[PDB]
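Notes for the one structure printed next.
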Amino acid sequence: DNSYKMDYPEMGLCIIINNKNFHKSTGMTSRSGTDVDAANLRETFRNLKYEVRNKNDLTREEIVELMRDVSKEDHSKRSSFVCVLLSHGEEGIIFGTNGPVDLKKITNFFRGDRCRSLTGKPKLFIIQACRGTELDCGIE
Amino acid sequence: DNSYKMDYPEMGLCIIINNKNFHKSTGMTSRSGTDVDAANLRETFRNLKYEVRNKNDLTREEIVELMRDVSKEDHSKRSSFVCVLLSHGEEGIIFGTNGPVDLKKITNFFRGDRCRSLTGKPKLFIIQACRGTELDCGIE
Amino acid sequence: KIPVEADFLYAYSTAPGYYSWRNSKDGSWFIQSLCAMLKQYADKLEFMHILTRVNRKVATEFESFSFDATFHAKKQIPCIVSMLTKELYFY
Amino acid sequence: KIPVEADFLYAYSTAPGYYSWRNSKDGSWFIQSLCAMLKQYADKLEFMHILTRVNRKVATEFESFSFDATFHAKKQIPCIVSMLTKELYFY
Ligand SMILES: *[C@@](=O)([C]S[C]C1=[C][C]=[C][C]=[C]1)[C]([C]C([O])=O)[N]C(=O)[C]1[C]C2=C3C(=[C][C]=[C]2)[C][C][C]([N]C(=O)[C]([C]C([O])=O)[N]C([C])=O)C(=O)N13
Ligand SMILES: *[C@@](=O)([C]S[C]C1=[C][C]=[C][C]=[C]1)[C]([C]C([O])=O)[N]C(=O)[C]1[C]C2=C3C(=[C][C]=[C]2)[C][C][C]([N]C(=O)[C]([C]C([O])=O)[N]C([C])=O)C(=O)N13
């Protein structure tokens, strides 16, 4: 087979972390319009038969704890895993409402040897964020 | 159209930079077996109708100069561009026989606004190199 | 036995080192396009191909509008990072 | 008008932050597999799909052998970084 097995009893889990408001300490502006995405995404993955769980304005601590908890659930009856991150960021980092958290720290919970029930199953991470402050002016 | 136009008079250029030997200063071991790749790659892209140009043991200076020169050629009659880098490296970097060179510096010559004759055409970079010293022990 | 870093896929809204754009009324360009492409294609295209459609849409149909000249008329190209070992079909 | 960082594609032999393996007799795992997959598939599969085949091959059929226990029995997963806007067919 050259395609993943998507016929498990459950399509899989889909976590959406929607960060819209940030502490003055961070210095990040409010992320207007992010709710539309969150609503859009939620509906799109429900039609795909994913068990969607929306979360809004989480601190970097909460994000790590949540992922940890999700990595500990049993995914044996699930086909895949999808995690959408809506927030601010810079290369290799995404922001919790209270500050930066390394992207490596979040995904590491889902490595083949860390989350055994997802081994050999597709783990998709969709990130809506800044990976720097460089501007693409376009051409032609 | 949802696929690139590959019917230009020429499939395109394919540069292979094969670094096998390094100056003691670098501290890198000889890259045994790299010639097989270089030979293999050369034959594979010739059958694909690419104009292959093999280069061995280049200094970081030579690599930059070469790319600069290649970015200045006229690719109007070419469909794409392929550059294979065989060498040592670390995240975001590849080694010339005489030392490290940032990967950003090499590709920047081919940006849409830098190499006009390749605008809207596929630019493929194949890199055989270390992106760190972390080891994947495997699972299951 | 397989690599512990395999079967991962990172769909980035933008390229490394760049800003990502969002419209306060419609949402981010990347998410709009992604949801739209998934709506009309999840039933027939393989996932990479759907993501490629997203790249074209975001790169072709969007361009920032800002009263601030420095953030005006900017573009964006999403970035697909695949370490998958098999094709992905949602059906 | 399009993004100046578009239509680029980086086929990496390995994942970010990891070693890439090479055999002194046959060549690197990544290149062997890439050339092989291109040989039998360049005439029918779209480029991303060919690269996905490379990922499976490298991740499934290779495993380092070393007298040095620390570099023995290690694995590797190639990394595809696509910013292409269209499907790629070599035919
Ligand atoms: C990034 O997170 C910004 S990271 C900034 C940073 C972080 C750490 C250290 C230094 C700098 C976001 C992505 C996100 O939130 O989803 N990008 C932006 O917020 C971008 C870039 C930018 C914006 C704004 C001001 C300055 C830089 C505010 C609004 C802007 N959007 C618009 O102007 C749109 C454009 C359009 O759709 O035509 N127009 C409207 C009416 O909404 C914007 O997206 N960002
Ligand atoms: C990387 O470039 C190494 S970057 C090391 C570094 C750079 C900067 C700062 C700190 C460290 C290469 C890739 C390349 O050249 O194509 N990787 C290696 O050379 C790997 C990892 C490694 C190796 C060796 C010794 C120590 C670490 C030498 C040989 C080894 N290959 C084998 O043992 C193979 C395995 C197999 O095929 O089963 N066996 C034989 C008989 O060849 C190797 O590839 N590398």
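Residue numbers (my numbering), protein chains in the order written: chain A, 1 to 140; chain B, 1 to 140; chain C, 1 to 91; chain D, 1 to 91. Every residue gets a Cβ at the ideal spot worked out from N, C-alpha and C, and that includes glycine.
Closer than 9 angstroms, Cβ to any Cβ of chain D: which residues of the stretch 32–65 of chain B, in chain order? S32, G33, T34, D35, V36, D37, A38, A39, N40, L41, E43, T44, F45, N47, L48 and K49
Per-residue contacts from B/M6 into chain D (C-beta, under 9 angstroms): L88, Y89, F90 and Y91
Within 8 angstroms of chain B by C-beta, residues of the stretch 41–64 of chain D in sequence order: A42, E46 and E63
From the beta carbon of A/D102, is the nearest beta carbon of chain B less than 8 angstroms away? no
Which class does B/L41 belong to by DSSP, given the choice of helix, strand or coil? helix
Following a CB-centred definition, is A/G89 positioned closer than 7 angstroms to any heavy atom of ligand 4? The model depicted lacks ligand 4 and carries ligand 1 and ligand 2 instead.
For B/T107, which of B/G99, B/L135, B/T26 and B/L85 has the nearest alpha-carbon? B/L85
Would you say D/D7 faces chain B, with C-beta separation under 8 angstroms as the test? yes
Those residues which DSSP pairs with B/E91 across a bridge: Bridge partners of B/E91: none, in fact.
For the stretch 60–69 of chain B against the stretch 34–49 of chain B, are there 3 or more C-beta pairs whose distance is under 8 angstroms? no
Under DSSP, the alpha helix (DSSP H) around D/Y41 begins and ends at which residues? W29 to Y41
Using only alpha-carbon positions, find the residue among C/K1, C/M37, C/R56 and C/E5 that is nearest to C/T14. C/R56
Could you work out which residue in C/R53, C/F71 and C/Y89 is closest to C/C79 when comparing CA atoms only? C/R53
Determine the chain D residues that contact A/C130 at a beta-carbon separation under 7 angstroms, and present them in chain order. Near A/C130 there are no residues of chain D at all, since even the closest Cβ is about 15 angstroms away, more than 7 angstroms.
Measuring only the C-alpha atoms, how far is A/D113 from B/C137? 9 angstroms
Determine, using beta carbons only, whether B/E140 comes closer than 8 angstroms to chain A. yes
Sub-8 angstroms separation of D/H72 and D/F65 beta-carbons: yes
Backbone CA spacing between B/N2 and A/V101 [nearest angstrom]: 37 angstroms
Taking 8 angstroms as the CB-CB limit, is C/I2 close to chain B? yes
C-alpha gap between residue 113 of chain C and B/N54, whole angstroms: The question about residue 113 of chain C has no answer, for chain C in this structure spans 1 to 91.
Rounded distance between the beta-carbons of B/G12 and D/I2, thought under 8 angstroms: Their Cβ separation, rounded to whole angstroms, is 19 angstroms, which puts D/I2 and B/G12 out of contact at 8 angstroms.
Among D/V58, D/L88, D/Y10 and D/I31, nearest to B/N18 - alpha-carbon criterion: D/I31
Proximity below 8 angstroms, CB of D/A6 to CB of C/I50: no
Show which residues of chain A have a CB atom less than 8 angstroms away from the CB atom of B/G120. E140
Is there a C-beta anywhere in chain D that falls below 8 angstroms from the one on C/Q32? no
For B/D69, the three-state DSSP class (helix, strand or coil): helix
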